[PDB]
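The same protein chain appears twice below, in two forms, each given on its own as structure tokens and labelled structure 1 and structure 2.
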Structure 1
């Protein structure tokens, strides 16, 4: 049934973000409050840029041959990424494995969201199922850091990666049992061209909303006071703890608020999420140390869950209303906007760091978010 596809997408994004985020206890092994590292900048941005580039081709590919085959391709390349990643002694091998993992993340996310939207035609529980998928993303990024840390500090370096690989194999067994991509299943009608879809005001407004929210995240994580040379208290706790607040708030907000955002007015959800994101990003620089950095994360993650659960079903619904019922290209647009923030995070952050200080960057990012928030009013009554 439909819930089975929902579970497939849930666990696919769960394992995807688990593999994405389990790296954090391992990044220290390779070599005022907020500072950037050029070594982690390429590590943080190579996956994002590769996945950025790889998105629209996969959208067209799902439009061409079907949904399950790209998901199984995501299985194959994520498994080979884990295999080449556990043994990745060198930094170049690490970057190449991250790029392969990015291709896998692109196909998994785009195809899963597209088929989840296609099977769930009506918008009443469409928001619910996209909220559940994003909750799977949040749960994966929540369980990543501490699982990786305990497996690294109790067994060894390769043990978390091998255990995650076994979990991926169980996932792929489930995929083969469920989707069965035995034959190519072409779509009934040709989809709306990607270039024509970018000539749309509302789609671009939603894409900019998601891009600015994820940029609000992405300008902070590579610059967190983590993964230095050494620590007085040996650190090793912040590595597994620092992503608890944002992930917990994302999970809670998305899961509890998708249905109520459908009820109350989803443009209102977008606007409130943008306002709270701006407030949180603007109040990050007013923190003396990492002691006070925990509080604004609970707000920024909550509001970015708001934005994601309030714009991904709109990405589906705008094309459902004003275009043909083909979702691959529009969800490729949604995800390319979703990841452009992470892709341009390190370079833009470093340039603006060389120019001015970080607190001014946080204030200007919050100002842009606040000024862009009223533009979500245009989505109340789309023709």
Structure 2
């Protein structure tokens, strides 16, 4: 009965991304900024290598329970605060707790589900938690902020975090410190690998595309089409639905089509969709490209996590904390400098030129995935 561990990392990923998206609508209205948004991803980027090394010394359960303790503290602090410095502290602590949760949970999943096919099948479900969290965050925050009050969403999130922590105490039971049997191959050796670098680069560019697309699209919309506020929110919904669908189906479907081919087609499709986005004239023209973008990115992610796990087992020692720290660093890098660089480029040159450059880069990087195919 290892489904409980899958349930733990599903809930930790779900609740963490629920808090990530509930806070974004509330903070600007309550306060009145770029540093605060990027503080979570920057701090999480820095602590990823240290969590990767710490799991090899003491194991996964203590870092996981510690992640819940940091997330619980961050949630209560957000609800009770009202100052900018405390907001920075809380978001930075979430960045630390999210790093712990992501790295330790992914390593524990890779260490519990050792089979190659089952690993991808369960990582699809686990990555579905992120998509569900981003899907249900904003409406949850909106309703509890509308009716009950400002602190109600945070208090309900804290209650769910307490429930999650109690389940963790019952199942994980972080009572003693247990070191891993073998050393894990230091980060310097792994960063010299060209195949790990190719997989990380594909993840980084695919996610950096959407990282720039998401905040830069409403500004172009409100000037080109003069769209209503409700449309600005419901226009990106196809991407979030298609991400869930594609992640959950391609977790199983990528092993038969071939992980390299699924990643290659994902990069090609996301590049073509990003290239066609500037040609749209209204929301109905934007429905299809966003669906394509979400589908392709789900393809890339659900094909590229188990490939990272496979690469460490194929030519290095089977210890997953450091390599999944590398993968998390790849994700955070796109989400840290994404919005600011995107805004700078879209101010220097047009939004269509930014979209064209992103699409061209993705299409040109796409053939690099050919080297990821297995020798036999």
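Numbering follows the first chain given and starts at 1. Here the rigid core means the biggest group of C-alpha atoms that line up within 1.5 Å when the two forms are laid on top of each other.
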property	result
Conformational change between structure 1 and structure 2, one of 129, 205, 223, 100, C-alpha moving 2 Å or more after core fit	223
Is_shifted residue 183 between structure 1 and structure 2 (CA, 2 Å cut-off, rigid core)	no
Cα displacement of residue 79 between structure 1 and structure 2 reaching 2 Å, rigid core superposed	no
Cα displacement of residue 146 between structure 1 and structure 2 reaching 2 Å, rigid core superposed	no
Following rigid core superposition, Cα shift of residue 373 between structure 1 and structure 2 in Å	0.7
Displacement in Å of the C-alpha of residue 23 between structure 1 and structure 2, rigid core kept as reference	1.5
Core superposition result - C-alpha of residue 294, shift between structure 1 and structure 2, Å	4.5
